[PDB]
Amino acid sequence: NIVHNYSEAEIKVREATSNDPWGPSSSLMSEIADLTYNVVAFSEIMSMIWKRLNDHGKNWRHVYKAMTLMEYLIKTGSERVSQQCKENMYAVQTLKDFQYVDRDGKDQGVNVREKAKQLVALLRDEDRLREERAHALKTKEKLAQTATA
């Protein structure tokens, strides 16, 4: 990871992409999105996400949640997020053929492939990206003004 103690941003990314049977919460992803505007945190955040995406088989949740977070940051964080993804398109495209059938015969990998496929389509369509971002930013805005339960 090339860091001593993890920064708060790195801890948040790891938590959001933990190898656990649950997806990232919107509140946590929203915090990470704000952090993408911090010049130092941006680099730490992207580096950790690319690393969590670098995994296989039984660790598919790391990959799936990392893509979910990347998708969120592409649409809701600094524009530099989508810019770096476009520059490293190959690293997103490889996930389109990720495979994993668990020991019960359940294909978990197909969902990783589908998300990668749709994410790639989004990143290559500039007009869609602008629309998705406007809608995503409004959603984060609405989220911030909605009370708990």
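Residues carry their position along the shown sequence, with the first being 1.
The PDB entry records a higher mean C-alpha B factor for 2-10 than for its counterpart among 2-10 and 138-146. Mean CA B-factor, 119-127 versus 28-36: the higher value falls on 119-127. Considering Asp104, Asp97, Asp55, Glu44 together, the PDB entry gives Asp104 the largest C-alpha B factor. Within the group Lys86, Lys65, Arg80, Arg113, the record's highest C-alpha temperature factor is found at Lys86. In the deposited entry, the Cα temperature factor of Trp50 places it in the lowest third of its chain's modelled residues.
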